[PDB]
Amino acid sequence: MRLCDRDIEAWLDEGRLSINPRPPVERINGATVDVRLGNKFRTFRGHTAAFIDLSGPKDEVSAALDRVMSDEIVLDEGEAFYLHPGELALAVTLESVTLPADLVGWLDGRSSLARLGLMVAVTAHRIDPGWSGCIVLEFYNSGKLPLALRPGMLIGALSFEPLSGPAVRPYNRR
């Protein structure tokens, strides 16, 4: 059952849901909180590696993630990151988000951007009970033209769903 805008505001006020920085009324509507584009980007540089083995522990999958992804790319004031057709890029939300053990988050991308080819998780839109941090984003340009993204733009929408009870093993405790 999704929280409506007014109840998102309630859970924020009680300190049971945290979002930093806290988005104003303008960005809390219906059943979502708008989220923004951060300033840390990553792209592929595949030439060092033949493939990526996706089986095997987090450490292998994370070691791989860094052997083939570029250095962090931080954009100045003004600057846009251009995501070219058929490219997969990694980014991050501006907002940090902390969920309690009895809420689950869902990130939607924006539909108006999807229509121009911007694909955002997509595969895993779930923010877990106990998640605390920025949300890592994967973009895919499914469109015909390059898409310019600037830090601070609206990039997605969080909605929040109470669980049937507080989770015994939330993200933070494992």
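In this text, residue numbers run from 1 along the sequence as written.
- Averaged over Cα atoms, the B-factor as recorded in the entry is higher for 63-71 than for the other of 63-71 and 107-115.
- Of the two stretches examined, 140-148 and 116-124, the record assigns the greater average C-alpha temperature factor to 116-124.
- Residue set 37, 135, 33, 54: peak C-alpha B-factor at 54 (per PDB entry).
- Going by the entry's values, 77 shows the largest Cα B-factor out of 102, 77, 87, 95.
- Split the chain's modelled residues into thirds by C-alpha temperature factor. Residue 153 is in the lowest one.
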